[PDB]
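Peer 1: I have a structure I would like to understand better, so I am pasting it below and will then ask my questions one at a time.
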Amino acid sequence: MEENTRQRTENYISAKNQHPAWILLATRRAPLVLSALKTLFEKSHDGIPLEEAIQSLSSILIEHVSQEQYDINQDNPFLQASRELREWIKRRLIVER
Amino acid sequence: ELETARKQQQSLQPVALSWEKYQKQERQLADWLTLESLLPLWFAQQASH
Amino acid sequence: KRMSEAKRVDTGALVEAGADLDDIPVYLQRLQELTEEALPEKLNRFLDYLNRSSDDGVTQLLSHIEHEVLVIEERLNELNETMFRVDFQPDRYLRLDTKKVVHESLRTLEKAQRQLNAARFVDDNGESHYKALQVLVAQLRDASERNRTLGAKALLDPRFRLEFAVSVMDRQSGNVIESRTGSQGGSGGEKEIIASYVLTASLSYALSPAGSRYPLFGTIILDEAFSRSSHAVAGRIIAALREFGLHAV
Amino acid sequence: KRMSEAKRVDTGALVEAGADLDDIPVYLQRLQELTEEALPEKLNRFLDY
Amino acid sequence: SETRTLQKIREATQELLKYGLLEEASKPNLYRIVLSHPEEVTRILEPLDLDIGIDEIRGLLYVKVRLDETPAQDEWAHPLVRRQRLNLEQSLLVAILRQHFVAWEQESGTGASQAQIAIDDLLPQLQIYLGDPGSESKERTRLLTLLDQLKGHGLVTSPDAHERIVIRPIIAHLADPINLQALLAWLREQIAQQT
Amino acid sequence: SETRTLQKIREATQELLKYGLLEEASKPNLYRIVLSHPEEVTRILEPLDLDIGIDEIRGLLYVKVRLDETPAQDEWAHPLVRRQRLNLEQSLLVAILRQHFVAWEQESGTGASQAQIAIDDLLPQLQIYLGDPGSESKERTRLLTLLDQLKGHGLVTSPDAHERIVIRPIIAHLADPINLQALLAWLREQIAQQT
Amino acid sequence: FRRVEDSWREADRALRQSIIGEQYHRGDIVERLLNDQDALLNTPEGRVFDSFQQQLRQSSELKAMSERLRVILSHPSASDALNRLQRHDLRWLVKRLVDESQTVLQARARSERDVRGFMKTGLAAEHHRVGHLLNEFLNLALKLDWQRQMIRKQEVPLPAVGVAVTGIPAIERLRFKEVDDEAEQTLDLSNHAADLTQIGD
């Protein structure tokens, strides 16, 4: 069984470096992103049409402008929501079809 | 596609079998022809002796 | 002779070659290559795999259609919940219901699926399974081609699998005397009020964000349905429209 | 090569016989029958219809 | 007073120079006009350091940089071939289109200039090579950009209402097996350099 | 085929086609090659319906349309020459350059002394006739974009170290000067009116 | 099931990337498809998917489960049990499984697409030469590092054919903005009120 012990730290080293979920939990800005994403997908199960998703996201992010402790978009929340959707697609958090 | 491949192989195998049989016959006949060329020299030697 | 025989079945390889001694080389070269491919050996494996995959696709699609039908049937219950709130006549509220369409195309599909399921067990290297799958895919393709026909919609369109019926319910009890289905009755005024009423109820339900019984966008647009309606039935229409939370124009 | 080709294009008039010289009588009977009867008859039926 | 080249010949040569190629299937008159005085057209191109190839089997007449003393480094340096050089992602897409073109050629023989492909078939192919950003719209945008750039070279008709395109016959001559071997040797060279 | 045209002649012709002009000031060799070979040059251009207009005093060579009048319609639609219509700002700058170059040619004679002007002189006039885009930086960017584009059409050079350009002699042969000066008059009228 | 969906995506992508392999005989590609599908089926998530599929043959049980779910969430206790979102999800879980399995079937059909593509290769001679060349080139292509930007936009020595000369810069082709378009339209914001008397009797 010790062979699994030796090999296992390779598995966890890889995941901590590679797998999306763990990387997300690691990042400094994890809680905001996780809360927003949960809010989006929670209220619908069919997969959000992209325009509706980005509008709802730009609405959600505006609520968190009060959370000044992390990034606040000073001039254009819609651009911010679009950028965050692009980013989360880049991290394989969200795949759109 | 698999069906047609099966049919093609089935039909082609007899061609190869006949080809090899004919090749065997052809080497046999070529050597036999080579024999006919040596006949005059053998009987010529016998005649001289 | 056998060279010509091979040409009779060739497709795309022996075309460049004749049927004589000089062509034997290429014949046997391709025979070697064909035997190297070893494709004819796969026959049963690939036939059974095709059976499995196409069966999975067909059964999944059919079950998906059935579940769409069930989703619609539950939408009917939702709208019935909305309609129970308001009265269609003073002592009555309107309610909906659905029957199951009986049609030739759907019946043929049922028979073919019965045969397909019966065709899994037959120990025949999957030939009967393939036959059943072929006939079922034939049905599907035929329907998808002539989509405007009644059978094609009955098969591939969920809602056409159901017949919609409307009835008038006793407020205090399950008592029912009314039915708009099968034979519409052709009433020149009652059909109009019924249609406008059900449409208003459905439109309100759609307009109301989930949970709330009150539409958020209260405005609605309407027309000479009133002209087809008498004074009393038009007043019933306005009363129902106001009661469902709709402001109207 | 000729008669084998005829059997391929055949439509039930030559399958009853093979592809050797002993089958020549059937080949020729079918040839003449089709050339004299079949072609004019079919052409005239086609034209009339 | 002075000689005027046949007005129709002038029209045909200028049009062929403008579009770089000329297909009987859609411009038969000028195609035939050039085919009627090919010596004349070739002479006309000689000052331009250009040349005229032919493919009557598919019905194409295409321009090609002359080679009498042209530097073998790259004919692209010629000042009048205005469109820019091809690149290797475009080359991968060119290879896929050429494979589809030869498949269609086998299917219908030389058939007609309509060697068509549905765009939805390209996405699975390039997905393997250029990657999978996971956004169908993004990959579609990338594919359409590549197709538009290829149409800039004239090898594919732009997308239409049915999302279908026609591989222009010119493709056969750009992916000429000789050119394919040249590019393949260079690609093996680069793979070796990848070490 | 037959022997080749002179490599120098073909090089000069292709240069003149790429740029639409040749200069004795910068390219006296190709310029004199074209001049010493005018019949050959025009013969090469004859199939194209092209020709070369000249001005030896201005050291200018340039391409010009050889087309017959109204073979298809009274307005020429030469396939190899697309007639771009500039936007308002480019038209204003074209008129400014035309009139300033004419004035400089009055002062020094025709083509005797190169016409010159400074960027700093231009920018205020562009601000006057067009309006401030929002800053001096945007004004300089817009002016340099206009200058780069026009230099693309061979009309102007790039600014030197002192940031002065030289007006290309090609300006003397613009198509519709009446339109240019009418637009300039209307522009001054409108700056007078809109206030 | 979401994990099954990825497993099948990757199986299909491996099938494609291997299909590029020139040395793969047609029989080899058929064998690879069959074996890969078998292996994906046998793996644990494959067993989950297979059992769910078998439930579809025995549909009456899935229908009964959905019916019972319907009767369950209607009971008043259900209201306390879960928020409306969860009730909505659970009732249509039976359908949701049907939907998700469809995604795998799409990948399987997609892979069969490329299998069919590779079946038909009885090429003519010249077609066969170019096919060898193209398969070799594509195999060589896989090993490049596509994700990098600079790799993609590198030039290639492919010769220029179909070359078109264009944009001959004749100064006489120049035309200029003409300002006759300045015809103005008034902004008639006035209230175009009505006249009650004009209305018919």
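Ligands are numbered from 1 in the order shown, chains are lettered A, B, ... in the order of the structure tokens, and residues start at 1 in each chain.
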Would you list the contacts of residue 26 (chain D) as a PyMOL selection string, taking every protein, DNA or RNA residue within 9 Å and counting only C-alpha atoms, but skipping same-chain residues closer than 6 positions in sequence?
Peer 2: chain D and resi 13-14+16-17
Peer 1: Which of chain E end up as helix (DSSP H, G or I) when DSSP is run on this backbone - answer as an NGL selection string?
Peer 2: :E and (7-19 or 28-36 or 38-48 or 75-77 or 88-108 or 119-130 or 136-153 or 171-174 or 177-193)
Peer 1: Write down, as a ChimeraX atom specification, each residue of chain D that has any atom within 12 Å of an atom of chain C, counting only C-alpha atoms.
Peer 2: /D:1-9,18-20
Peer 1: Set the cut-off to 12 Å and count only C-alpha atoms: what are the residues of chain E that reach chain C? Output as a list in words.
Peer 2: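 The complete set of qualifying residues is residues 106, 107 and 109 of chain E.
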Peer 1: Go ahead and dump the residues you just picked, N, CA, C and O atoms, as a PDB file, in the first residue's frame.
Peer 2:
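What landed in part_8.pdb:
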ATOM      1  N   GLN E 106     -12.730  12.362 -56.490  1.00  0.00           N
ATOM      2  CA  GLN E 106     -12.992  10.938 -56.653  1.00  0.00           C
ATOM      3  C   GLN E 106     -14.489  10.666 -56.719  1.00  0.00           C
ATOM      4  O   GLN E 106     -14.947   9.884 -57.560  1.00  0.00           O
ATOM      5  N   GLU E 107     -15.266  11.305 -55.842  1.00  0.00           N
ATOM      6  CA  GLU E 107     -16.700  11.034 -55.792  1.00  0.00           C
ATOM      7  C   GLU E 107     -17.371  11.343 -57.124  1.00  0.00           C
ATOM      8  O   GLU E 107     -18.089  10.504 -57.682  1.00  0.00           O
ATOM      9  N   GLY E 109     -15.802  12.475 -60.039  1.00  0.00           N
ATOM     10  CA  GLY E 109     -14.823  12.750 -61.067  1.00  0.00           C
ATOM     11  C   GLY E 109     -14.422  14.213 -61.010  1.00  0.00           C
ATOM     12  O   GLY E 109     -14.350  14.826 -59.942  1.00  0.00           O
TER      13      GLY E 109
END
Peer 1: Need the shell around region 28-33 of chain A: protein/DNA/RNA residues with any atom at most 9 Å away, counting only C-alpha atoms. Skip same-chain ones fewer than 3 positions apart. Format as a PDB file with N, CA, C and O atoms, in the first residue's frame?
Peer 2:
ATOM      1  N   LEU A  24      -9.212  27.286  -8.651  1.00  0.00           N
ATOM      2  CA  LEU A  24     -10.189  28.309  -8.301  1.00  0.00           C
ATOM      3  C   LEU A  24     -10.226  28.527  -6.793  1.00  0.00           C
ATOM      4  O   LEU A  24     -10.144  29.663  -6.316  1.00  0.00           O
ATOM      5  N   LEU A  25     -10.345  27.444  -6.022  1.00  0.00           N
ATOM      6  CA  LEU A  25     -10.360  27.591  -4.569  1.00  0.00           C
ATOM      7  C   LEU A  25      -9.098  28.275  -4.067  1.00  0.00           C
ATOM      8  O   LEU A  25      -9.121  28.930  -3.020  1.00  0.00           O
ATOM      9  N   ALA A  36     -20.942  34.408  -7.312  1.00  0.00           N
ATOM     10  CA  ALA A  36     -21.609  34.883  -8.519  1.00  0.00           C
ATOM     11  C   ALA A  36     -22.005  33.720  -9.419  1.00  0.00           C
ATOM     12  O   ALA A  36     -23.148  33.639  -9.889  1.00  0.00           O
ATOM     13  N   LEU A  37     -21.068  32.804  -9.673  1.00  0.00           N
ATOM     14  CA  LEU A  37     -21.364  31.677 -10.548  1.00  0.00           C
ATOM     15  C   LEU A  37     -22.497  30.832  -9.982  1.00  0.00           C
ATOM     16  O   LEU A  37     -23.402  30.419 -10.715  1.00  0.00           O
ATOM     17  N   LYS A  38     -22.468  30.562  -8.676  1.00  0.00           N
ATOM     18  CA  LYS A  38     -23.552  29.797  -8.073  1.00  0.00           C
ATOM     19  C   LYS A  38     -24.879  30.515  -8.262  1.00  0.00           C
ATOM     20  O   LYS A  38     -25.893  29.889  -8.590  1.00  0.00           O
ATOM     21  N   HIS A  64     -22.089  43.845  -5.784  1.00  0.00           N
ATOM     22  CA  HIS A  64     -20.848  43.675  -5.041  1.00  0.00           C
ATOM     23  C   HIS A  64     -19.907  44.861  -5.187  1.00  0.00           C
ATOM     24  O   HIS A  64     -18.779  44.804  -4.688  1.00  0.00           O
ATOM     25  N   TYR A  70     -12.634  44.135  -2.978  1.00  0.00           N
ATOM     26  CA  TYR A  70     -12.151  43.528  -4.207  1.00  0.00           C
ATOM     27  C   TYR A  70     -12.680  44.332  -5.386  1.00  0.00           C
ATOM     28  O   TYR A  70     -13.578  45.166  -5.242  1.00  0.00           O
ATOM     29  N   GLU A  84     -15.362  38.960 -17.337  1.00  0.00           N
ATOM     30  CA  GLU A  84     -15.335  37.837 -16.407  1.00  0.00           C
ATOM     31  C   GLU A  84     -15.864  36.566 -17.052  1.00  0.00           C
ATOM     32  O   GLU A  84     -15.343  35.479 -16.785  1.00  0.00           O
TER      33      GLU A  84
END
Peer 1: Would you tabulate, counting only C-alpha atoms, all residues of chain F that have an atom at most 10 Å from an atom of chain G, showing the closest pair of atoms and their distance in Å to one decimal, sorted by chain then ascending number, as CSV?
Peer 2:
residue,atom,partner,partner_atom,distance
F:16,CA,G:169,CA,9.4
F:17,CA,G:168,CA,6.3
F:18,CA,G:168,CA,6.8
F:19,CA,G:169,CA,6.5
F:20,CA,G:169,CA,4.9
F:21,CA,G:170,CA,8.4
F:50,CA,G:170,CA,9.5
F:52,CA,G:170,CA,9.9
F:62,CA,G:170,CA,7.5
F:63,CA,G:170,CA,5.6
F:64,CA,G:170,CA,6.0
F:65,CA,G:172,CA,7.7
F:76,CA,G:173,CA,9.3
F:77,CA,G:173,CA,9.3
F:78,CA,G:173,CA,9.1
F:79,CA,G:166,CA,8.8
F:80,CA,G:166,CA,5.9
F:81,CA,G:168,CA,5.3
F:82,CA,G:173,CA,6.5
F:83,CA,G:173,CA,4.2
F:84,CA,G:174,CA,5.7
F:85,CA,G:175,CA,4.4
F:86,CA,G:176,CA,5.1
F:87,CA,G:177,CA,5.7
F:88,CA,G:177,CA,5.4
F:89,CA,G:177,CA,8.8
F:90,CA,G:176,CA,8.3
F:91,CA,G:176,CA,5.7
F:92,CA,G:177,CA,9.0
F:94,CA,G:176,CA,9.1
F:95,CA,G:176,CA,9.9
F:152,CA,G:169,CA,9.0
F:153,CA,G:169,CA,6.7
F:154,CA,G:171,CA,8.1
F:155,CA,G:171,CA,8.7
F:170,CA,G:171,CA,7.4
F:171,CA,G:171,CA,8.4
F:173,CA,G:171,CA,7.4
F:174,CA,G:172,CA,6.0
F:175,CA,G:172,CA,5.1
F:176,CA,G:175,CA,7.0
F:177,CA,G:176,CA,9.4
F:179,CA,G:176,CA,7.0
F:180,CA,G:176,CA,7.0
F:182,CA,G:178,CA,8.7
F:183,CA,G:178,CA,6.6
F:186,CA,G:179,CA,7.8
F:187,CA,G:179,CA,9.0
Peer 1: Emit the selected residues as an mmCIF file, in the first residue's frame, including C-alpha atoms.
Peer 2:
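This went into part_31.cif:
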data_model
loop_
_atom_site.group_PDB
_atom_site.id
_atom_site.type_symbol
_atom_site.label_atom_id
_atom_site.label_comp_id
_atom_site.auth_asym_id
_atom_site.auth_seq_id
_atom_site.Cartn_x
_atom_site.Cartn_y
_atom_site.Cartn_z
ATOM 1 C CA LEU F 16 6.009 52.196 -61.782
ATOM 2 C CA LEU F 17 2.933 49.981 -61.475
ATOM 3 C CA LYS F 18 3.467 49.341 -57.756
ATOM 4 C CA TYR F 19 3.854 53.033 -56.931
ATOM 5 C CA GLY F 20 1.895 54.510 -59.836
ATOM 6 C CA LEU F 21 4.798 56.912 -60.380
ATOM 7 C CA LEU F 50 -2.743 51.577 -69.467
ATOM 8 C CA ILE F 52 2.303 56.628 -68.812
ATOM 9 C CA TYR F 62 2.908 58.290 -63.597
ATOM 10 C CA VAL F 63 0.325 55.847 -64.915
ATOM 11 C CA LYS F 64 -2.858 56.993 -66.640
ATOM 12 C CA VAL F 65 -5.887 55.409 -68.278
ATOM 13 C CA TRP F 76 -14.559 54.701 -67.023
ATOM 14 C CA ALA F 77 -14.611 51.591 -64.816
ATOM 15 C CA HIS F 78 -11.144 50.200 -65.519
ATOM 16 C CA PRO F 79 -11.128 46.774 -63.788
ATOM 17 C CA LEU F 80 -7.537 47.092 -62.532
ATOM 18 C CA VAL F 81 -8.047 50.607 -61.119
ATOM 19 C CA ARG F 82 -10.572 51.118 -58.316
ATOM 20 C CA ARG F 83 -11.752 54.731 -58.019
ATOM 21 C CA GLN F 84 -11.742 55.361 -54.286
ATOM 22 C CA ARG F 85 -13.662 58.371 -52.974
ATOM 23 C CA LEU F 86 -11.869 59.990 -50.046
ATOM 24 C CA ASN F 87 -13.545 61.139 -46.847
ATOM 25 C CA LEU F 88 -13.979 64.819 -46.021
ATOM 26 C CA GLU F 89 -10.738 65.290 -44.067
ATOM 27 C CA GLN F 90 -8.589 63.745 -46.797
ATOM 28 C CA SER F 91 -10.335 65.918 -49.385
ATOM 29 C CA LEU F 92 -9.627 69.045 -47.337
ATOM 30 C CA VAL F 94 -5.804 67.347 -50.716
ATOM 31 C CA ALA F 95 -7.184 70.791 -51.545
ATOM 32 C CA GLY F 152 0.034 55.495 -49.705
ATOM 33 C CA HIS F 153 -1.676 57.144 -52.680
ATOM 34 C CA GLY F 154 1.703 58.702 -53.522
ATOM 35 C CA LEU F 155 0.540 62.244 -52.743
ATOM 36 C CA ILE F 170 1.701 63.861 -58.632
ATOM 37 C CA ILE F 171 -0.653 66.408 -57.050
ATOM 38 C CA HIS F 173 -2.565 65.763 -62.123
ATOM 39 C CA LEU F 174 -5.518 65.113 -59.801
ATOM 40 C CA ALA F 175 -8.785 64.288 -61.530
ATOM 41 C CA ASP F 176 -11.420 66.743 -60.287
ATOM 42 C CA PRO F 177 -9.809 70.004 -59.111
ATOM 43 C CA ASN F 179 -14.629 69.445 -56.870
ATOM 44 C CA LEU F 180 -11.657 70.113 -54.576
ATOM 45 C CA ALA F 182 -15.742 73.894 -54.563
ATOM 46 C CA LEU F 183 -15.502 71.733 -51.441
ATOM 47 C CA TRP F 186 -18.128 75.272 -49.094
ATOM 48 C CA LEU F 187 -15.983 74.356 -46.082
#
Peer 1: Could you check the closest approach to chain B for each of G:4, G:14, G:115, G:104 and tell me which residue wins, using only C-alpha atoms?
Peer 2: G:115
Peer 1: Taking only C-alpha atoms into account, what are the residues of chain A at most 8 Å from chain E, put as a list in words?
Peer 2: residues 89, 90, 92, 95, 96 and 97 of chain A
Peer 1: Write out, as a CSV table (one decimal), in the first residue's frame, the residues just selected, with N, CA, C and O atoms.
Peer 2:
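The resulting out33.csv:
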chain,number,residue,atom,x,y,z
A,89,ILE,N,-14.5,31.3,-19.0
A,89,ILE,CA,-14.4,30.3,-20.1
A,89,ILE,C,-12.9,30.0,-20.4
A,89,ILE,O,-12.6,28.8,-20.7
A,90,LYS,N,-12.0,30.9,-20.2
A,90,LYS,CA,-10.6,30.6,-20.4
A,90,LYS,C,-10.1,29.6,-19.3
A,90,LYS,O,-9.2,28.8,-19.7
A,92,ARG,N,-11.8,27.2,-18.2
A,92,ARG,CA,-12.6,26.0,-18.3
A,92,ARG,C,-13.6,25.8,-17.2
A,92,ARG,O,-14.1,24.8,-17.0
A,95,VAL,N,-18.0,26.3,-20.1
A,95,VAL,CA,-17.9,26.0,-21.6
A,95,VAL,C,-19.3,26.3,-22.2
A,95,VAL,O,-20.3,25.8,-21.7
A,96,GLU,N,-19.3,27.0,-23.3
A,96,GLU,CA,-20.5,27.4,-23.9
A,96,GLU,C,-20.6,26.8,-25.3
A,96,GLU,O,-19.6,26.7,-26.1
A,97,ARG,N,-21.8,26.4,-25.6
A,97,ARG,CA,-22.1,25.7,-26.9
A,97,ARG,C,-23.5,26.1,-27.3
A,97,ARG,O,-24.5,26.1,-26.6
Peer 1: May I have the residues within 9 Å of residue 44 (chain E) as a ChimeraX atom specification, using only C-alpha atoms and disregarding those fewer than 6 positions away in the same chain?
Peer 2: /E:13,50-51 /F:44-45,47-48
Peer 1: Output C-alpha atoms of each residue in that selection to a file, as a JSON list (two decimals), in the first residue's frame.
Peer 2:
[["chain", "number", "residue", "atom", "x", "y", "z"],
["E", 13, "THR", "CA", -6.24, 39.74, -69.74],
["E", 50, "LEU", "CA", 3.92, 36.59, -64.77],
["E", 51, "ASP", "CA", 2.78, 33.42, -66.52],
["F", 44, "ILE", "CA", 3.43, 46.54, -72.42],
["F", 45, "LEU", "CA", 0.66, 48.75, -71.06],
["F", 47, "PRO", "CA", -3.01, 45.09, -73.39],
["F", 48, "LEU", "CA", -3.87, 46.53, -69.97]]
Peer 1: Enter the distance from CA of residue 104 (chain C) to CA of residue 151 (chain C), in Å, rounded to one decimal.
Peer 2: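 Interatomic distance here is 7.0 Å.
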Peer 1: Just how far from CA of residue 10 (chain E) is CA of residue 49 (chain F), in Å to one decimal?
Peer 2: 7.1 Å
Peer 1: Per residue of chain G within 10 Å of chain C, record the nearest atom pair and its distance in Å to one decimal, counting only C-alpha atoms, with rows in chain order and ascending residue number, as CSV.
Peer 2:
residue,atom,partner,partner_atom,distance
G:24,CA,C:37,CA,9.2
G:25,CA,C:37,CA,5.7
G:26,CA,C:37,CA,6.1
G:27,CA,C:37,CA,4.9
G:28,CA,C:37,CA,7.2
G:29,CA,C:37,CA,9.7
G:30,CA,C:39,CA,8.0
G:31,CA,C:42,CA,7.9
G:33,CA,C:46,CA,9.7
G:34,CA,C:46,CA,7.3
G:37,CA,C:49,CA,9.1
G:38,CA,C:49,CA,9.2
G:50,CA,C:56,CA,9.9
G:53,CA,C:56,CA,7.3
G:54,CA,C:56,CA,9.4
G:56,CA,C:59,CA,7.3
G:57,CA,C:117,CA,7.6
G:58,CA,C:117,CA,9.9
G:59,CA,C:63,CA,8.3
G:63,CA,C:67,CA,9.2
G:66,CA,C:70,CA,9.8
G:70,CA,C:74,CA,9.6
G:84,CA,C:211,CA,8.7
G:92,CA,C:71,CA,8.2
G:94,CA,C:67,CA,8.4
G:95,CA,C:67,CA,5.8
G:96,CA,C:64,CA,9.3
G:97,CA,C:64,CA,9.7
G:98,CA,C:64,CA,6.3
G:99,CA,C:64,CA,6.9
G:101,CA,C:60,CA,7.8
G:102,CA,C:60,CA,6.8
G:104,CA,C:57,CA,9.8
G:105,CA,C:57,CA,6.4
G:106,CA,C:57,CA,8.7
G:108,CA,C:53,CA,7.9
G:109,CA,C:53,CA,8.5
G:112,CA,C:50,CA,9.8
G:120,CA,C:12,CA,9.7
G:121,CA,C:12,CA,8.6
G:122,CA,C:12,CA,5.1
G:123,CA,C:12,CA,6.5
G:124,CA,C:12,CA,6.9
G:125,CA,C:16,CA,8.5
Peer 1: Find the residues near residue 163 (chain E): any atom within 9 Å, counting only C-alpha atoms, skip ones fewer than 2 places away on the same chain, and give them as a list in words.
Peer 2: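 Within the cut-off, the hits are residues 117, 118, 119, 120, 159, 160, 161 and 165 of chain E.
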Peer 1: Write a file of the selected residues as a compact mmCIF listing (two decimals), in the first residue's frame, keeping N, CA, C and O atoms.
Peer 2:
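Listing of out-v1.txt after writing:
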# COMPACT_ATOMS: atom_id res chain seq x y z
N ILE E 117 -18.44 21.94 -49.13
CA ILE E 117 -18.27 21.40 -47.79
C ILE E 117 -19.07 22.25 -46.82
O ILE E 117 -19.14 23.48 -46.95
N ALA E 118 -19.69 21.60 -45.84
CA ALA E 118 -20.40 22.28 -44.77
C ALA E 118 -19.40 22.71 -43.70
O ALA E 118 -18.51 21.94 -43.32
N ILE E 119 -19.55 23.94 -43.22
CA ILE E 119 -18.59 24.48 -42.27
C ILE E 119 -18.55 23.64 -41.00
O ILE E 119 -17.50 23.52 -40.37
N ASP E 120 -19.68 23.05 -40.61
CA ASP E 120 -19.71 22.30 -39.36
C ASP E 120 -18.73 21.12 -39.37
O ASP E 120 -18.35 20.63 -38.30
N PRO E 159 -18.45 32.24 -46.98
CA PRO E 159 -19.65 31.56 -46.49
C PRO E 159 -20.91 32.19 -47.07
O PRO E 159 -20.96 33.39 -47.33
N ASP E 160 -21.94 31.37 -47.25
CA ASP E 160 -23.20 31.79 -47.84
C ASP E 160 -24.33 31.56 -46.84
O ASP E 160 -24.09 31.26 -45.66
N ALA E 161 -25.57 31.71 -47.31
CA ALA E 161 -26.73 31.58 -46.44
C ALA E 161 -26.87 30.18 -45.86
O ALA E 161 -27.51 30.03 -44.81
N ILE E 165 -19.52 26.34 -48.45
CA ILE E 165 -18.56 26.99 -49.32
C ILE E 165 -18.12 26.02 -50.40
O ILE E 165 -18.24 24.80 -50.25
